[PDB]
Amino acid sequence: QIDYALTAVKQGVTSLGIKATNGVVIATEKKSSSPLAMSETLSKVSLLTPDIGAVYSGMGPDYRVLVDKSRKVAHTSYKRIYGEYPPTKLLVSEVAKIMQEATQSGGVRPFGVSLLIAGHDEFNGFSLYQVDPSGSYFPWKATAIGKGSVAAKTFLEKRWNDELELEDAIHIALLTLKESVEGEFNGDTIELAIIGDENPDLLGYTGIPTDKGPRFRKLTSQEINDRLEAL
Amino acid sequence: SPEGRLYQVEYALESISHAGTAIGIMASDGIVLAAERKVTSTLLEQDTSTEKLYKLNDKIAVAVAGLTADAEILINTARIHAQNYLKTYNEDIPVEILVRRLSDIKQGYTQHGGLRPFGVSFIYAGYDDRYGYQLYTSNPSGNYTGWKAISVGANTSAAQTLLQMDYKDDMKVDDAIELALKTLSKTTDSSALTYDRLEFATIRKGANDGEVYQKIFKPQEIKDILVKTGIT
Amino acid sequence: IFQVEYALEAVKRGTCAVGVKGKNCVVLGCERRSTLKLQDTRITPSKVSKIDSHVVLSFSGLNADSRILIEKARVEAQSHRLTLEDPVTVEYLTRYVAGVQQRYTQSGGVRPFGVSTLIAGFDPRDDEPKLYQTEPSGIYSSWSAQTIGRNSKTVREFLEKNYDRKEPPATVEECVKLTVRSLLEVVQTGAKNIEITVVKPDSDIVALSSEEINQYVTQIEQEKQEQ
Amino acid sequence: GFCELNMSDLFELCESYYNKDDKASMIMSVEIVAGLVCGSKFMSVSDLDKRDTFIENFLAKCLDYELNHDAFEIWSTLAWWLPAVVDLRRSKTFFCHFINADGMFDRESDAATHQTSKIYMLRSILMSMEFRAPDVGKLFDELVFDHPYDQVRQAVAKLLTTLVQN
Amino acid sequence: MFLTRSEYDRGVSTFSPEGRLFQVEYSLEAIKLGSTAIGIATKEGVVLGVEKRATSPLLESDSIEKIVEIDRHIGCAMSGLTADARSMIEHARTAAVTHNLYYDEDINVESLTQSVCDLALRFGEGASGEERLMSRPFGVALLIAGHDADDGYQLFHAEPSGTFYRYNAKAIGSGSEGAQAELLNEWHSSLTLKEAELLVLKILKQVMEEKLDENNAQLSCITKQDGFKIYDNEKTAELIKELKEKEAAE
């Protein structure tokens with residue numbers, strides 16, 4: 001029964017993640033259920049904290065209500081006690097605990113998604129985690145989930161060294177996604193986020209030098225196309 | 001439960017002889033813990049997890065053989081019992097009492113048969129000033145048992161034999177560090193043992209006085225004691 | 001609804017347990033396989049369990065199942081001293097234990113206990129020995145002596161033809177003399193196999209060690225061979 | 001010719017592993033005995049006498065009083081097996097030992113005595129032969145019925161059952 | 001030989017096409033398959049006897065409590081799962097004292113009985129309207145016998161089903177079908193307590209196909225005067241001896 005949910009994960013659009021020396025990167029494709037639909041109204045790559053993002057493979061809805069339940073747990077169980085935001089390791093723990101309970105609870109099915117959660121905490125540095133429907137979670141240098149899972153996972157072993165700059169890992173995760181792509185391949189059908197330098201540009205305010213802004217940045221429709229030309 | 005049998009238990013008791021492989025050896029002046037890591041991919045991040053060796057308090061620690069997500073649910077509640085017995089009696093919790101406290105939650109499902117038993121089997125290594133150094137075991141049966149040396153998980157029946165062979169009561173701590181590695185010569189499905197398939201721990205008579213240091217080994221420190229024979 | 005009888009089966013398979021009343025003393029006895037070579041000797045010799053300062057209890061069954069009883073009891077033992085200031089009477093400690101295994105069937109629908117228990121000791125002040133037995137059903141019975149457990153039938157047969165009410169083992173010493181013989185029949189090595197505890201009037205419970213148990217076995221098998 | 005260890009070396013190796021305590025250690029001792037009886041497909045009538053002699057001496061120490069449910073567990077295993085992997089007449093002492101029945105009292109104002117410290121083992125040999133050796137003029141004239149204990153009343157019954165099938 | 005089977009056997013708290021609740025029709029056959037118990041009523045008291053059935057010299061009979069006090073004026077005898085009736089009795093002793101407190105009088109035997117039935121009438125796992133908190137029909141039958149000053153001496157049969165009848169003399173348990181047809185023959189509106197003490201033994205002798213003593217029979221009675229006493233083994237014996245003679249008459 002957990003086994004059947006991992007199966008809904010095995011199909012459903014491919015997504016991936018790559019840790020580097022100075023950043024993390026996660027991406028998936030935006031398969032348009034129609035051309036009539038405006039694909040900018042749905043986000044497969046969601047912000048959890050300004051230091052932490054997430055992507056999935058599988059059941060759309062189960063991801064949404066998991067991204068919501070997940071943002072909240074970041075406050076209710078960490079920020080409202082210690083004044084900081086949670087560290088990747090622990091926010092991940094609190095999500096696994098959330099899914100692991102849909103498993104061992106009666107009257108409910110587990111979630112139809114595997115999650116890739118990427119982020120940076122001051123003490124543990126960068127890290128990238130996978131969370132399964134089983135509630136188990138593992139730390140990755142890089143991996144992929146979904147259909148293209150096997151092709152891409154093999155390409156990542158081939159191309160990954162522990163000396164990658166974040167720009168190198170963006171480059172990789174675009175190629176990796178180019179071979180699996182189901183629909184068209186541009187900035188309107190690729191979602192890519194990074195966990196890099198602090199972006200003060202994006203704080204919304206200026207006056208306390210101790211807080212410096214989001215590490216999580218979601219690349220614009222433009223930034224993507226720009227990289228795909230010099231590709 | 002047909003012949004006097006605990007079915008849903010044997011189910012998970014033998015699901016244990018699949019995952020992991022863990023060992024505990026009590027020396028005369030220290031204790032030792034050790035484990036092999038699950039089927040690893042090249043890209044899995046070695047150093048982070050500490051996935052099968054968890055600290056419970058500054059004086060107690062457990063080795064796990066079983067489902068990870070399942071033991072974390074237990075350990076979380078055991079790290080707490082520790083601290084409740086502090087805030088309450090202002091003394092560090094005695095090992096047997098912590099062990100029984102878990103064993104009793106395990107057996108809690110072994111009977112209120114409306115929820116599913118526990119994966120997971122524990123070796124506990126701890127010190128308390130009432131019963132010197134201690135070594136314990138915890139199958140989801142609900143039972144715990146005393147041990148001078150022990151093992152859980154795959155290839156269990158096998159190591160118990162080499163252990164019975166090379167063990168001596170006068171044993172030091174470094175002598176027992178070897179016995180543990182040495183006898184993960186056999187009980188290893190992976191031909192040749194690496195520092196990365198490992199996780200280690202010690203509770204010694206302190207790096208200084210008459211007291212008690214605890215030490216979960218960092219990867220490098222393993223490749224260093226592996227150096228003593230294993231691989232070089 | 002039949003699951004009761006199945007549990008009563010696990011009783012059978014477990015550490016063998018016995019007990020024996022006397023002219024003014026009581027004794028238990030029970031346990032299992034010496035040591036699997038490498039196990040810690042000195043940290044679970046908890047064969048018979050102390051309930052109050054004057055009441056003890058052994059069991060045949062799932063060792064992991066007993067503990068939940070040997071607590072719920074050790075507690076009501078105090079919560080009686082507390083709300084009535086008066087140590088529990090051996091019949092009442094017994095009726096409370098049995099009455100719990102009973103309520104582990106007929107409500108909610110949950111599993112019953114894999115233990116039979118024997119419960120001994122002297123009521124407070126009164127110096128008349130008491131011995132009882134419980135089983136997963138909810139039944140309590142008083143016995144001049146009894147056994148439950150593995151190969152328990154061999155022992156109950158032995159005892160019946162070795163105890164008589166007309167003359168109960170008066171001597172403290174000799175009352176144990178008998179409880180030993182009766183387990184030597186079913187053990188699997190001897191003294192190293194099963195041990196004993198001993199309670200005498202007024203909260204005087206003194207459990208026996210290894211060395212007092214072999215000034216017995218090796219003073220039995222002396223008179224034995226003499227034919 | 002090839003070893004020269006003399007049989008009196010396997011008699012120690014055997015008496016050696018008999019700790020009334022260690023079970024897996026006794027099982028090695030009795031694994032040894034069953035070999036000395038499968039070692040008559042091997043010459044020397046002067047060794048087959050050193051062995052018949054060691055065996056009546058050993059079964060004495062072991063089975064003639066002082067017997068745990070751990071030994072009984074082992075020896076009784078031998079009785080069901082040995083007579084099926086070797087004709088037991090390759091030994092004068094071994095069989096002519098279990099059938100030496102100094103064991104069945106008759107009334108109870110004592111402790112009657114002891115056990116199926118035999119009955120169930122003599123039986124499991126007679127069960128595995130079922131045909132061969134069964135001259136037992138004795139046993140029939142020697143059975144009890146009157147016995148006070150059950151463990152014996154029942155066993156005297158389970159034996160007669162087997163004595164009749166033969 | 002052969003096999004008869006309906007498709008509505010089994011069914012838990014659901015109606016057969018006839019209106020039968022077989023879960024409870026069966027609850028009622030297992031009274032017929034426990035210890036024997038017999039109650040007879042005179043105008044001079046009520047007698048309750050049972051079958052002890054001691055299974056050893058060790059086991060000191062009397063931990064075999066199949067007859068127990070309820071208030072000084074009400075006793076009951078039980079056939080069946082004596083362990084399953086611990087709670088059924090607790091509620092009756094509690095109801096009888098509770099009534100004595102709230103009203104300064106002994107509680108009517110009729111109403112003490114009905115109260116016990118109203119307890120086993122809370123059988124189920126799903127009830128809307130009023131909640132019936134418990135799990136299964138109560139697996140034991142009761143002979144309840146006592147004395148109140150309205151309606152003389154009384155005997156009652158409480159069934160697991162929650163209903164009851166007031167027999168002038170009833171038998172339940174292993175022998176009942178037969179013991180009952182024998183009471184139906186030998187009972188009259190003018191028995192004396194002495195006479196019934198004995199008739200209860202005669203009918204235990206019969207449907208036990210054995211010779212009886214104090215290790216297998218317990219006698220108890222309830223008089224207006226002395227209350228509800230259980231005969232100690234001595235008195236149960238010269239009551240037995242007194243029959244060995246009375247029947248050697250012809």
# chains A, B, ... in the order shown; residues from 1 in each chain; ligands from 1

$ residues_around --residues "segment 155-164 of chain D" --least-positions-apart "4" --cutoff "7 Å" --atoms "only C-alpha atoms" --output "ChimeraX atom specification"
/D:116,119-120,123,127,151

$ residues_around --residues "segment 56-72 of chain A" --least-positions-apart "5" --cutoff "10 Å" --atoms "only C-alpha atoms" --output "PyMOL selection string"
chain A and resi 5-16+26-29+42-49+77-79+91-92+94-95+98-99+110-117+130-131+144-147

$ write_last_selection --atoms "N, CA and C atoms" --output "compact mmCIF listing (two decimals), in the first residue's frame"
# COMPACT_ATOMS: atom_id res chain seq x y z
N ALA A 5 1.81 3.65 -3.74
CA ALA A 5 1.94 5.10 -3.83
C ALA A 5 3.28 5.46 -4.47
N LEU A 6 4.34 4.77 -4.07
CA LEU A 6 5.63 4.92 -4.72
C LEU A 6 5.50 4.70 -6.21
N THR A 7 4.47 3.94 -6.61
CA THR A 7 4.23 3.64 -8.02
C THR A 7 3.59 4.83 -8.74
N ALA A 8 2.72 5.57 -8.05
CA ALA A 8 2.18 6.78 -8.66
C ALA A 8 3.30 7.81 -8.82
N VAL A 9 4.27 7.75 -7.91
CA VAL A 9 5.46 8.58 -8.00
C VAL A 9 6.34 8.20 -9.19
N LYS A 10 6.49 6.89 -9.43
CA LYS A 10 7.33 6.39 -10.53
C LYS A 10 6.88 6.88 -11.91
N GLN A 11 5.57 7.03 -12.12
CA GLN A 11 5.06 7.78 -13.27
C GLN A 11 4.78 9.20 -12.84
N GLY A 12 4.41 10.07 -13.77
CA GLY A 12 4.27 11.46 -13.41
C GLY A 12 5.59 12.20 -13.55
N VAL A 13 5.51 13.46 -13.95
CA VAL A 13 6.63 14.12 -14.58
C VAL A 13 7.92 14.10 -13.76
N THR A 14 9.01 13.88 -14.48
CA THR A 14 10.37 13.81 -13.95
C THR A 14 10.81 15.07 -13.25
N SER A 15 11.56 14.92 -12.17
CA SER A 15 12.14 16.07 -11.47
C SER A 15 13.45 15.65 -10.83
N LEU A 16 14.31 16.62 -10.53
CA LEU A 16 15.68 16.32 -10.14
C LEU A 16 16.26 17.34 -9.19
N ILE A 26 17.16 22.67 -8.18
CA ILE A 26 16.07 21.72 -8.37
C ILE A 26 15.21 22.15 -9.54
N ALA A 27 14.75 21.18 -10.33
CA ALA A 27 13.90 21.49 -11.47
C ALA A 27 13.01 20.34 -11.85
N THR A 28 11.92 20.67 -12.54
CA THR A 28 11.01 19.69 -13.10
C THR A 28 10.46 20.33 -14.37
N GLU A 29 9.61 19.63 -15.09
CA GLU A 29 8.95 20.20 -16.27
C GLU A 29 7.50 20.59 -15.94
N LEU A 42 0.45 27.73 -12.14
CA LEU A 42 0.74 26.61 -11.27
C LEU A 42 2.24 26.53 -11.11
N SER A 43 2.66 26.34 -9.86
CA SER A 43 4.07 26.26 -9.54
C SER A 43 4.44 24.88 -8.99
N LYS A 44 5.31 24.18 -9.72
CA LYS A 44 5.84 22.89 -9.28
C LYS A 44 7.05 23.08 -8.36
N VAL A 45 7.65 24.26 -8.41
CA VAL A 45 8.75 24.56 -7.50
C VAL A 45 8.32 25.64 -6.54
N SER A 46 8.15 25.26 -5.28
CA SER A 46 7.55 26.13 -4.28
C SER A 46 8.53 26.51 -3.17
N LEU A 47 8.41 27.73 -2.66
CA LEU A 47 9.24 28.18 -1.55
C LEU A 47 8.65 27.70 -0.23
N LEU A 48 9.48 27.13 0.63
CA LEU A 48 9.04 26.77 1.97
C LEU A 48 9.52 27.81 3.03
N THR A 49 10.82 28.08 3.05
CA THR A 49 11.37 29.19 3.80
C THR A 49 12.32 29.94 2.86
N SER A 77 6.34 25.09 14.59
CA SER A 77 7.20 24.15 15.30
C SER A 77 8.63 24.58 15.44
N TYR A 78 8.97 25.70 14.80
CA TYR A 78 10.33 26.25 14.88
C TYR A 78 10.33 27.79 15.04
N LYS A 79 9.96 28.54 14.00
CA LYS A 79 10.07 30.01 14.01
C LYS A 79 9.41 30.67 15.23
N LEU A 91 13.42 20.66 9.01
CA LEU A 91 12.16 20.94 8.33
C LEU A 91 11.78 19.70 7.54
N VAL A 92 12.79 19.07 6.91
CA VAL A 92 12.60 17.80 6.19
C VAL A 92 12.05 16.73 7.14
N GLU A 94 10.29 17.11 9.74
CA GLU A 94 8.91 17.47 10.11
C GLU A 94 7.90 17.20 8.99
N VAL A 95 8.40 17.07 7.76
CA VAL A 95 7.57 16.72 6.61
C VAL A 95 7.44 15.20 6.49
N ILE A 98 5.09 14.08 8.78
CA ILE A 98 3.74 14.41 8.32
C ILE A 98 3.15 13.36 7.40
N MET A 99 4.00 12.82 6.52
CA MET A 99 3.65 11.82 5.51
C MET A 99 3.64 10.42 6.12
N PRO A 110 -1.49 7.17 1.90
CA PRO A 110 -0.28 7.99 1.92
C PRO A 110 -0.30 8.94 0.75
N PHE A 111 0.68 9.83 0.67
CA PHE A 111 0.68 10.81 -0.39
C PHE A 111 1.28 10.21 -1.65
N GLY A 112 0.80 10.66 -2.81
CA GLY A 112 1.32 10.20 -4.09
C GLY A 112 2.44 11.06 -4.65
N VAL A 113 3.42 11.36 -3.80
CA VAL A 113 4.51 12.21 -4.24
C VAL A 113 5.78 11.84 -3.52
N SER A 114 6.88 11.95 -4.25
CA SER A 114 8.21 12.02 -3.68
C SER A 114 8.64 13.47 -3.81
N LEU A 115 9.24 13.98 -2.74
CA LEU A 115 9.66 15.37 -2.68
C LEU A 115 11.18 15.51 -2.74
N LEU A 116 11.63 16.55 -3.43
CA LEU A 116 13.02 16.94 -3.34
C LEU A 116 13.07 18.32 -2.69
N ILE A 117 13.65 18.37 -1.50
CA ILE A 117 13.72 19.58 -0.70
C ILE A 117 15.17 20.04 -0.63
N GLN A 130 15.69 13.82 -0.15
CA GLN A 130 14.53 13.23 -0.79
C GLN A 130 13.59 12.70 0.28
N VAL A 131 12.29 12.90 0.07
CA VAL A 131 11.28 12.37 0.98
C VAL A 131 10.27 11.52 0.21
N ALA A 144 17.28 11.92 -9.15
CA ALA A 144 16.07 12.24 -9.87
C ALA A 144 14.98 11.25 -9.49
N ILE A 145 13.73 11.64 -9.74
CA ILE A 145 12.57 10.86 -9.37
C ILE A 145 11.56 11.01 -10.49
N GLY A 146 10.70 10.01 -10.65
CA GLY A 146 9.72 10.05 -11.72
C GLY A 146 10.08 9.14 -12.88
N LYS A 147 9.46 9.37 -14.02
CA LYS A 147 9.66 8.50 -15.17
C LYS A 147 11.12 8.49 -15.59

$ residues_around --residues "segment 225-228 of chain B" --least-positions-apart "3" --cutoff "10 Å" --atoms "only C-alpha atoms" --output "PDB file with N, CA, C and O atoms, in the first residue's frame"
ATOM      1  N   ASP B 174      40.033  -1.314  23.443  1.00  0.00           N
ATOM      2  CA  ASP B 174      40.632  -1.401  22.112  1.00  0.00           C
ATOM      3  C   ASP B 174      40.644  -2.835  21.596  1.00  0.00           C
ATOM      4  O   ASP B 174      40.569  -3.070  20.393  1.00  0.00           O
ATOM      5  N   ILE B 177      37.221  -3.222  20.209  1.00  0.00           N
ATOM      6  CA  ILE B 177      37.035  -2.471  18.976  1.00  0.00           C
ATOM      7  C   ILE B 177      37.400  -3.373  17.808  1.00  0.00           C
ATOM      8  O   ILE B 177      36.748  -3.371  16.763  1.00  0.00           O
ATOM      9  N   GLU B 178      38.461  -4.146  17.993  1.00  0.00           N
ATOM     10  CA  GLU B 178      38.904  -5.061  16.965  1.00  0.00           C
ATOM     11  C   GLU B 178      37.891  -6.187  16.813  1.00  0.00           C
ATOM     12  O   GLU B 178      37.332  -6.390  15.738  1.00  0.00           O
ATOM     13  N   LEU B 181      35.079  -5.208  14.581  1.00  0.00           N
ATOM     14  CA  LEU B 181      35.402  -5.099  13.169  1.00  0.00           C
ATOM     15  C   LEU B 181      35.770  -6.458  12.607  1.00  0.00           C
ATOM     16  O   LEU B 181      35.174  -6.915  11.636  1.00  0.00           O
ATOM     17  N   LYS B 182      36.765  -7.093  13.225  1.00  0.00           N
ATOM     18  CA  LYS B 182      37.242  -8.415  12.813  1.00  0.00           C
ATOM     19  C   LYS B 182      36.056  -9.278  12.423  1.00  0.00           C
ATOM     20  O   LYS B 182      36.030  -9.819  11.326  1.00  0.00           O
ATOM     21  N   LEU B 193      35.263  -4.632   3.325  1.00  0.00           N
ATOM     22  CA  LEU B 193      34.599  -3.642   4.188  1.00  0.00           C
ATOM     23  C   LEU B 193      35.254  -2.262   4.140  1.00  0.00           C
ATOM     24  O   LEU B 193      36.448  -2.111   4.408  1.00  0.00           O
ATOM     25  N   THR B 194      34.454  -1.253   3.821  1.00  0.00           N
ATOM     26  CA  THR B 194      34.948   0.113   3.666  1.00  0.00           C
ATOM     27  C   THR B 194      34.573   1.010   4.851  1.00  0.00           C
ATOM     28  O   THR B 194      33.722   0.662   5.671  1.00  0.00           O
ATOM     29  N   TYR B 195      35.205   2.173   4.941  1.00  0.00           N
ATOM     30  CA  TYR B 195      34.880   3.105   6.012  1.00  0.00           C
ATOM     31  C   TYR B 195      33.495   3.720   5.817  1.00  0.00           C
ATOM     32  O   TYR B 195      32.886   4.196   6.770  1.00  0.00           O
ATOM     33  N   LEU B 198      30.210   1.985   7.100  1.00  0.00           N
ATOM     34  CA  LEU B 198      30.266   1.879   8.562  1.00  0.00           C
ATOM     35  C   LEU B 198      29.806   3.088   9.374  1.00  0.00           C
ATOM     36  O   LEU B 198      29.715   4.219   8.888  1.00  0.00           O
ATOM     37  N   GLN B 220      36.439   9.880   9.019  1.00  0.00           N
ATOM     38  CA  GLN B 220      37.896   9.771   9.018  1.00  0.00           C
ATOM     39  C   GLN B 220      38.426   8.892  10.146  1.00  0.00           C
ATOM     40  O   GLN B 220      39.350   8.110   9.948  1.00  0.00           O
ATOM     41  N   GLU B 221      37.840   9.025  11.330  1.00  0.00           N
ATOM     42  CA  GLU B 221      38.283   8.265  12.494  1.00  0.00           C
ATOM     43  C   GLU B 221      38.065   6.771  12.316  1.00  0.00           C
ATOM     44  O   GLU B 221      38.736   5.964  12.962  1.00  0.00           O
ATOM     45  N   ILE B 222      37.117   6.409  11.453  1.00  0.00           N
ATOM     46  CA  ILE B 222      36.856   5.007  11.123  1.00  0.00           C
ATOM     47  C   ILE B 222      37.939   4.462  10.178  1.00  0.00           C
ATOM     48  O   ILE B 222      38.542   3.422  10.449  1.00  0.00           O
ATOM     49  N   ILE B 231      40.929  -2.763   6.148  1.00  0.00           N
ATOM     50  CA  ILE B 231      41.563  -2.315   4.905  1.00  0.00           C
ATOM     51  C   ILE B 231      42.590  -1.220   5.191  1.00  0.00           C
ATOM     52  O   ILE B 231      42.489  -0.526   6.203  1.00  0.00           O
ATOM     53  N   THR B 232      43.573  -1.070   4.300  1.00  0.00           N
ATOM     54  CA  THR B 232      44.741  -0.222   4.564  1.00  0.00           C
ATOM     55  C   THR B 232      45.236   0.605   3.367  1.00  0.00           C
ATOM     56  O   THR B 232      44.876   0.333   2.223  1.00  0.00           O
TER      57      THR B 232
END

$ closest_residue --among "B:76, B:84, B:41, B:141" --to "residue 104 of chain B" --atoms "only C-alpha atoms"
B:141

$ residues_around --residues "residue 210 of chain A" --least-positions-apart "4" --cutoff "12 Å" --atoms "only C-alpha atoms" --output "NGL selection string"
:A and (198 or 200 or 206)

$ select_by_dssp --residues "segment 80-208 of chain E" --states "helix (DSSP H, G or I)" --output "PyMOL selection string"
chain E and resi 86-103+109-117+176-186+193-206

$ interface_residues --of "chain A" --to "chain B" --cutoff "6 Å" --atoms "only C-alpha atoms" --output "PyMOL selection string"
chain A and resi 136+139-141

$ write_last_selection --atoms "N, CA and C atoms" --output "PDB file, in the first residue's frame"
ATOM      1  N   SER A 136      10.138   7.821   4.868  1.00  0.00           N
ATOM      2  CA  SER A 136      11.588   7.723   4.926  1.00  0.00           C
ATOM      3  C   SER A 136      12.167   8.903   4.174  1.00  0.00           C
ATOM      4  N   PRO A 139      19.555  11.778   2.248  1.00  0.00           N
ATOM      5  CA  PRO A 139      20.358  12.922   1.833  1.00  0.00           C
ATOM      6  C   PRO A 139      21.061  12.620   0.516  1.00  0.00           C
ATOM      7  N   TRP A 140      20.982  13.528  -0.455  1.00  0.00           N
ATOM      8  CA  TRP A 140      21.554  13.298  -1.776  1.00  0.00           C
ATOM      9  C   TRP A 140      22.568  14.352  -2.217  1.00  0.00           C
ATOM     10  N   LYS A 141      23.624  13.900  -2.896  1.00  0.00           N
ATOM     11  CA  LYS A 141      24.528  14.771  -3.643  1.00  0.00           C
ATOM     12  C   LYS A 141      23.801  15.201  -4.913  1.00  0.00           C
TER      13      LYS A 141
END

$ residues_around --residues "residue 165 of chain C" --least-positions-apart "3" --cutoff "10 Å" --atoms "only C-alpha atoms" --output "PDB file with N, CA, C and O atoms, in the first residue's frame"
ATOM      1  N   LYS C  21       2.787 -24.012  49.504  1.00  0.00           N
ATOM      2  CA  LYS C  21       2.416 -23.554  50.844  1.00  0.00           C
ATOM      3  C   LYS C  21       3.105 -24.392  51.928  1.00  0.00           C
ATOM      4  O   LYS C  21       3.535 -25.509  51.667  1.00  0.00           O
ATOM      5  N   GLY C  22       3.211 -23.849  53.137  1.00  0.00           N
ATOM      6  CA  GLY C  22       3.840 -24.536  54.257  1.00  0.00           C
ATOM      7  C   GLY C  22       3.117 -24.277  55.570  1.00  0.00           C
ATOM      8  O   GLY C  22       2.116 -23.562  55.592  1.00  0.00           O
ATOM      9  N   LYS C  23       3.610 -24.847  56.668  1.00  0.00           N
ATOM     10  CA  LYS C  23       2.915 -24.723  57.953  1.00  0.00           C
ATOM     11  C   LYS C  23       2.918 -23.278  58.401  1.00  0.00           C
ATOM     12  O   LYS C  23       1.976 -22.816  59.043  1.00  0.00           O
ATOM     13  N   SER C 144      -3.106 -25.302  47.790  1.00  0.00           N
ATOM     14  CA  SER C 144      -2.166 -25.731  48.816  1.00  0.00           C
ATOM     15  C   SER C 144      -0.798 -25.809  48.159  1.00  0.00           C
ATOM     16  O   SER C 144       0.230 -25.749  48.827  1.00  0.00           O
ATOM     17  N   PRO C 168       1.590 -30.576  56.499  1.00  0.00           N
ATOM     18  CA  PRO C 168       2.276 -29.652  55.594  1.00  0.00           C
ATOM     19  C   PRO C 168       3.707 -29.420  56.067  1.00  0.00           C
ATOM     20  O   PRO C 168       3.944 -29.361  57.274  1.00  0.00           O
ATOM     21  N   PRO C 169       4.651 -29.297  55.124  1.00  0.00           N
ATOM     22  CA  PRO C 169       6.065 -29.001  55.392  1.00  0.00           C
ATOM     23  C   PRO C 169       6.242 -27.867  56.400  1.00  0.00           C
ATOM     24  O   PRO C 169       6.292 -26.701  56.004  1.00  0.00           O
TER      25      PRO C 169
ATOM     26  N   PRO E  57      -7.014 -32.416  45.147  1.00  0.00           N
ATOM     27  CA  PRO E  57      -6.873 -32.281  46.606  1.00  0.00           C
ATOM     28  C   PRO E  57      -6.108 -31.016  46.978  1.00  0.00           C
ATOM     29  O   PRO E  57      -6.330 -30.437  48.046  1.00  0.00           O
ATOM     30  N   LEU E  58      -5.194 -30.604  46.106  1.00  0.00           N
ATOM     31  CA  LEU E  58      -4.444 -29.368  46.295  1.00  0.00           C
ATOM     32  C   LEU E  58      -5.383 -28.174  46.321  1.00  0.00           C
ATOM     33  O   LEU E  58      -5.667 -27.624  47.379  1.00  0.00           O
ATOM     34  N   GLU E  60      -7.790 -26.115  47.109  1.00  0.00           N
ATOM     35  CA  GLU E  60      -8.724 -26.087  48.218  1.00  0.00           C
ATOM     36  C   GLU E  60     -10.036 -25.488  47.748  1.00  0.00           C
ATOM     37  O   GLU E  60     -10.126 -24.273  47.555  1.00  0.00           O
TER      38      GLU E  60
END

$ atom_distance --atom1 "atom CA of residue 34 of chain E" --atom2 "atom CA of residue 135 of chain E"
21.6 Å

$ residues_around --residues "residue 88 of chain A" --least-positions-apart "6" --cutoff "10 Å" --atoms "only C-alpha atoms" --output "ChimeraX atom specification"
/A:49,51-53,117-122,124-129

$ write_last_selection --atoms "N, CA and C atoms" --output "short mmCIF file (atom, residue, chain, number, x, y, z; two decimals), in the first residue's frame"
data_model
loop_
_atom_site.label_atom_id
_atom_site.label_comp_id
_atom_site.auth_asym_id
_atom_site.auth_seq_id
_atom_site.Cartn_x
_atom_site.Cartn_y
_atom_site.Cartn_z
N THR A 49 10.82 28.08 3.05
CA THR A 49 11.37 29.19 3.80
C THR A 49 12.32 29.94 2.86
N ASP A 51 15.19 30.15 2.75
CA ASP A 51 16.43 29.41 2.60
C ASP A 51 16.17 28.00 2.04
N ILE A 52 14.90 27.67 1.76
CA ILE A 52 14.47 26.30 1.44
C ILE A 52 13.34 26.19 0.42
N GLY A 53 13.58 25.46 -0.66
CA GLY A 53 12.55 25.18 -1.65
C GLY A 53 12.29 23.70 -1.87
N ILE A 117 13.65 18.37 -1.50
CA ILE A 117 13.72 19.58 -0.70
C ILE A 117 15.17 20.04 -0.63
N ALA A 118 15.42 21.28 -1.05
CA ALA A 118 16.77 21.82 -1.15
C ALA A 118 16.89 23.05 -0.28
N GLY A 119 18.02 23.22 0.39
CA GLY A 119 18.20 24.39 1.23
C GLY A 119 19.52 24.60 1.95
N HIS A 120 19.61 25.74 2.62
CA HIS A 120 20.84 26.13 3.30
C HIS A 120 20.58 26.68 4.69
N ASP A 121 21.16 26.03 5.70
CA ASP A 121 21.13 26.53 7.07
C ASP A 121 22.52 26.94 7.53
N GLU A 122 22.61 27.92 8.43
CA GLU A 122 23.90 28.51 8.72
C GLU A 122 24.94 27.48 9.18
N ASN A 124 24.79 23.72 8.97
CA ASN A 124 24.94 22.48 8.19
C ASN A 124 25.29 22.74 6.71
N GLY A 125 25.33 24.02 6.35
CA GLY A 125 25.63 24.43 4.99
C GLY A 125 24.56 24.06 3.99
N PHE A 126 24.99 23.66 2.80
CA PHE A 126 24.02 23.21 1.83
C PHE A 126 23.71 21.74 2.03
N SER A 127 22.55 21.34 1.53
CA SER A 127 22.12 19.95 1.58
C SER A 127 20.89 19.78 0.69
N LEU A 128 20.70 18.55 0.20
CA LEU A 128 19.54 18.22 -0.62
C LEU A 128 18.97 16.90 -0.15
N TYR A 129 17.67 16.86 0.11
CA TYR A 129 17.02 15.69 0.70
C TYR A 129 15.92 15.13 -0.22
#
